[PDB]
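Below you'll find the structure, written out as structure tokens, and then a few comments.
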Amino acid sequence: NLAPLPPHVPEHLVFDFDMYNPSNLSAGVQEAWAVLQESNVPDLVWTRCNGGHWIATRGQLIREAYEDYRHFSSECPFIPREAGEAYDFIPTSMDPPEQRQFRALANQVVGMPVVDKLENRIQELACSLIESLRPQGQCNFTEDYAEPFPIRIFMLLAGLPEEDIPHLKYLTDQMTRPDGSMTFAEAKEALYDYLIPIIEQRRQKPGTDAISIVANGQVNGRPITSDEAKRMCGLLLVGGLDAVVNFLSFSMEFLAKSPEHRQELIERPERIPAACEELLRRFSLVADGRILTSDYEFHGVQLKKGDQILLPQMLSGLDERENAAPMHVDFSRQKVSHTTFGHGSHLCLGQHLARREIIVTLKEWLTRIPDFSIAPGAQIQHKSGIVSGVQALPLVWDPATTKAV
Ligand code: HEM
Ligand SMILES: CC1(C)[C@@H]2CC[C@@]1(C)C(=O)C2
Ligand SMILES: [K+]
Ligand SMILES: [K+]
């Protein structure tokens with residue numbers, strides 16, 4: 001329902017957008033969020049949905065707010081407020097200067113040096129999964145590739161058993177796109193409960209996996225505590241099991257419906273990295289925010305201490321003020337502007353792993369299954385939330401048109 005409009009929020013700035021169930025969802029989730037960028041919509045609006053909160057609708061404000069951590073704090077980064085208040089993941093719930101010592105440790109476990117090391121394994125897994133699907137002439141992309149490819153790689157990095165994925169994925173799903181079975185707080189508590197004994201076990205018998213590295217790590221010279229390790233490992237799990245998975249599906253859904261773009265990458269594979277970036281812009285999918293630390297006038301609007309403001313990372317790149325004909329996918333786009341991996345001090349630490357996974361997928365899939373389409377009649381459904389996603393993606397193809405490598 002709609003929360004009563006607070007006395008300080010101008011009546012004319014009200015736009016009741018529901019980030020968990022946008023009205024234009026059937027047209028595609030990015031299209032649904034883009035309604036916030038239609039002709040008569042202000043740069044900053046207030047929605048009475050989900051408890052009531054501000055929403056910056058243009059890249060200019062989104063970037064500015066993410067850069068000003070003194071006014072826009074990460075302490076309560078999720079909407080609804082109850083979720084944001086329970087949210088204590090490290091380093092994401094912290095603002096600089098406190099954030100830095102923890103972010104450095106996190107970067108060491110998922111950063112570029114680590115992705116370089118996972119290269120061959122990422123490559124091998126992508127190829128094995130695709131080769132097994134190839135002769136079948138069909139697949140449920142979300143469950144047969146989007147999920148197993150990146151998640152198995154992350155579980156390998158974290159040294160966690162793959163049989164634990166169903167439980168962990170159910171929990172992360174409730175934190176980003178809740179179905180109602182669990183509140184954010186309940187899902188977080190369950191994720192922490194899962195981690196507690198594992199962290200204790202690896203602090204006693206350290207391994208070479210990500211959890212061991214975090215649990216036995218140091219933060220600017222001093223030993224990390226068990227609680228801190230838990231709050232950081234929980235965040236790494238959420239980061240590695242959701243966004244990339246859903247992004248792969250948005251991208252493949254698009255390629256399945258646009259033979260022309262597939263052909264472009266088939267004929268010119270060297271354009272894959274650039275295509276990856278353009279797809280990251282067009283099918284951006286994350287949207288979290290910040291909380292006002294004090295009363296502050298921002299772009300002519302009076303924000304009050306405690307107000308929550310959603311700063312959709314997804315919207316910057318779809319903003320026509322940042323990219324002409326934003327809804328059009330142009331792998332040759334000159335200046336691909338976006339904040340898909342965030343902006344400011346909290347820039348995504350797993351973006352290098354994500355780009356590698358996306359590029360590897362595009363290359364290895366198009367090489368074996370150049371021609372494919374969405375199952376006839378299928379009405380693809382998207383879901384909206386902190387991280388938007390694709391419910392299911394049934395694909396089909398003629399095995400005769402494929403080739404083994
Ligand atoms: C296409 C995939 C991905 C997208 C679009 C994405 C997007 C984002 C965004 C928007 C943020 C900033 C959130 C904020 O400012 O509140 C973020 C932070 C982060 N992401 Fe990603 N991410 C992706 C994949 C990954 C992967 C694979 C990992 C690996 C575990 C990961 C780990 C992290 C971490 C640890 C942070 C927190 C950094 C900090 O708070 O300083 N991400 N991501
Ligand atoms: C918004 C995010 C993508 C980012 C990494 C996982 C996530 C859901 C967070 O809680 C911080
Ligand atoms: K008012
Ligand atoms: K909090």
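Letters for chains follow the order of the structure tokens (A, B, ...), residue numbers begin at 1 for each chain, and ligand numbers begin at 1 in the order shown.
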Q | All residues 8 Å or closer to stretch 211-221 of chain A, only C-alpha atoms, same chain fewer than 2 positions away omitted, as JSON, numbers by chain | A | {"A": [101, 102, 104, 105, 106, 109, 158, 159, 199, 202, 203, 206, 207, 208, 209, 223, 224, 225, 226, 229, 230, 232, 233]}
Selection file, N, CA and C atoms, as a PDB file, in the first residue's frame:
ATOM      1  N   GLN A 101      39.572  -0.145   5.384  1.00  0.00           N
ATOM      2  CA  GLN A 101      40.375  -1.278   5.835  1.00  0.00           C
ATOM      3  C   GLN A 101      39.722  -2.620   5.505  1.00  0.00           C
ATOM      4  N   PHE A 102      38.394  -2.669   5.535  1.00  0.00           N
ATOM      5  CA  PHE A 102      37.702  -3.911   5.225  1.00  0.00           C
ATOM      6  C   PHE A 102      37.606  -4.128   3.725  1.00  0.00           C
ATOM      7  N   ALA A 104      39.705  -3.260   1.528  1.00  0.00           N
ATOM      8  CA  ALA A 104      41.007  -3.726   1.051  1.00  0.00           C
ATOM      9  C   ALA A 104      41.137  -5.246   1.175  1.00  0.00           C
ATOM     10  N   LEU A 105      40.714  -5.797   2.310  1.00  0.00           N
ATOM     11  CA  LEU A 105      40.786  -7.241   2.507  1.00  0.00           C
ATOM     12  C   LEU A 105      39.856  -7.969   1.531  1.00  0.00           C
ATOM     13  N   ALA A 106      38.647  -7.442   1.348  1.00  0.00           N
ATOM     14  CA  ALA A 106      37.687  -8.053   0.436  1.00  0.00           C
ATOM     15  C   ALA A 106      38.225  -8.048  -0.989  1.00  0.00           C
ATOM     16  N   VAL A 109      40.510 -10.924  -1.882  1.00  0.00           N
ATOM     17  CA  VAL A 109      39.954 -12.258  -2.087  1.00  0.00           C
ATOM     18  C   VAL A 109      39.167 -12.440  -3.394  1.00  0.00           C
ATOM     19  N   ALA A 158      35.266 -20.052  -2.781  1.00  0.00           N
ATOM     20  CA  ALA A 158      34.961 -20.048  -1.350  1.00  0.00           C
ATOM     21  C   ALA A 158      35.181 -21.404  -0.678  1.00  0.00           C
ATOM     22  N   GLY A 159      35.475 -22.427  -1.473  1.00  0.00           N
ATOM     23  CA  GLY A 159      35.696 -23.755  -0.923  1.00  0.00           C
ATOM     24  C   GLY A 159      34.469 -24.333  -0.237  1.00  0.00           C
ATOM     25  N   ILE A 199      33.466 -20.617   9.464  1.00  0.00           N
ATOM     26  CA  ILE A 199      34.489 -19.620   9.775  1.00  0.00           C
ATOM     27  C   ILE A 199      35.345 -20.075  10.955  1.00  0.00           C
ATOM     28  N   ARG A 202      37.737 -22.865   9.778  1.00  0.00           N
ATOM     29  CA  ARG A 202      38.846 -22.414   8.953  1.00  0.00           C
ATOM     30  C   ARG A 202      39.819 -21.470   9.639  1.00  0.00           C
ATOM     31  N   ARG A 203      39.450 -20.972  10.815  1.00  0.00           N
ATOM     32  CA  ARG A 203      40.353 -20.110  11.571  1.00  0.00           C
ATOM     33  C   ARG A 203      41.282 -21.032  12.359  1.00  0.00           C
ATOM     34  N   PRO A 206      43.232 -23.247   8.625  1.00  0.00           N
ATOM     35  CA  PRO A 206      43.230 -22.386   7.436  1.00  0.00           C
ATOM     36  C   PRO A 206      43.501 -23.077   6.100  1.00  0.00           C
ATOM     37  N   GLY A 207      42.677 -22.749   5.109  1.00  0.00           N
ATOM     38  CA  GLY A 207      42.837 -23.301   3.775  1.00  0.00           C
ATOM     39  C   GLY A 207      43.305 -22.189   2.853  1.00  0.00           C
ATOM     40  N   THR A 208      43.141 -22.371   1.547  1.00  0.00           N
ATOM     41  CA  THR A 208      43.558 -21.356   0.583  1.00  0.00           C
ATOM     42  C   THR A 208      42.346 -20.714  -0.090  1.00  0.00           C
ATOM     43  N   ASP A 209      41.166 -21.103   0.374  1.00  0.00           N
ATOM     44  CA  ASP A 209      39.902 -20.596  -0.145  1.00  0.00           C
ATOM     45  C   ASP A 209      39.624 -19.185   0.372  1.00  0.00           C
ATOM     46  N   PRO A 223      44.247  -8.341  13.584  1.00  0.00           N
ATOM     47  CA  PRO A 223      43.419  -9.506  13.264  1.00  0.00           C
ATOM     48  C   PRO A 223      41.923  -9.240  13.167  1.00  0.00           C
ATOM     49  N   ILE A 224      41.308  -9.808  12.135  1.00  0.00           N
ATOM     50  CA  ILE A 224      39.874  -9.665  11.926  1.00  0.00           C
ATOM     51  C   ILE A 224      39.191 -10.552  12.959  1.00  0.00           C
ATOM     52  N   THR A 225      38.019 -10.130  13.424  1.00  0.00           N
ATOM     53  CA  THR A 225      37.279 -10.910  14.413  1.00  0.00           C
ATOM     54  C   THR A 225      36.348 -11.898  13.719  1.00  0.00           C
ATOM     55  N   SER A 226      35.832 -12.853  14.484  1.00  0.00           N
ATOM     56  CA  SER A 226      34.920 -13.845  13.935  1.00  0.00           C
ATOM     57  C   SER A 226      33.662 -13.177  13.395  1.00  0.00           C
ATOM     58  N   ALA A 229      34.456 -11.336  10.124  1.00  0.00           N
ATOM     59  CA  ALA A 229      34.654 -12.292   9.040  1.00  0.00           C
ATOM     60  C   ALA A 229      33.310 -12.787   8.521  1.00  0.00           C
ATOM     61  N   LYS A 230      32.371 -12.987   9.437  1.00  0.00           N
ATOM     62  CA  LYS A 230      31.035 -13.458   9.091  1.00  0.00           C
ATOM     63  C   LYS A 230      30.296 -12.425   8.240  1.00  0.00           C
ATOM     64  N   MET A 232      31.565 -10.140   6.450  1.00  0.00           N
ATOM     65  CA  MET A 232      32.198  -9.942   5.144  1.00  0.00           C
ATOM     66  C   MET A 232      31.924 -11.128   4.224  1.00  0.00           C
ATOM     67  N   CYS A 233      32.078 -12.345   4.744  1.00  0.00           N
ATOM     68  CA  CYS A 233      31.835 -13.530   3.926  1.00  0.00           C
ATOM     69  C   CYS A 233      30.383 -13.605   3.463  1.00  0.00           C
TER      70      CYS A 233
END
Q: Write as number ranges by chain the residues around ligand 3, taking 9 Å as the cut-off and counting only C-alpha atoms and all ligand atoms.
A: A: 5-11
Q: Grab me every residue within 8 Å of ligand 1, counting only C-alpha atoms and all ligand atoms, and send it over as a PyMOL selection string.
A: chain A and resi 66+74+77+90-94+99-100+103+106-107+110+150+154+232+235-248+280+284-290+313+339-355
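Restricting the calculation to only C-alpha atoms and all ligand atoms, the smallest distance between ligand 2 and any of A:120, A:40, A:140, A:174 is found for A:174.
The gap separating atom CA of residue A:184 from atom CA of residue A:307 is 19.4 Å, in Å to one decimal.
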Q | Environment of ligand 4 within 6 Å, counting only C-alpha atoms and all ligand atoms, reported as a count of residues only | A | 7
Q. Can you list every residue in stretch 10-226 of chain A that DSSP puts in alpha helix (DSSP H), as a VMD selection string?
A. chain A and resid 29 to 33 59 to 67 81 to 86 99 to 110 112 to 133 141 148 to 158 165 to 176 184 to 204 210 to 215 226
Q. Which neighbours of residue A:44 fall inside 10 Å, counting only C-alpha atoms, when residues of the same chain fewer than 6 positions from it are skipped, and could you give them as a PyMOL selection string?
A. chain A and resi 13-15+36+54-58+61-62+298-301+309-311
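Take atom CA of residue A:60 and atom CA of residue A:336: the distance between them is 15.1 Å.
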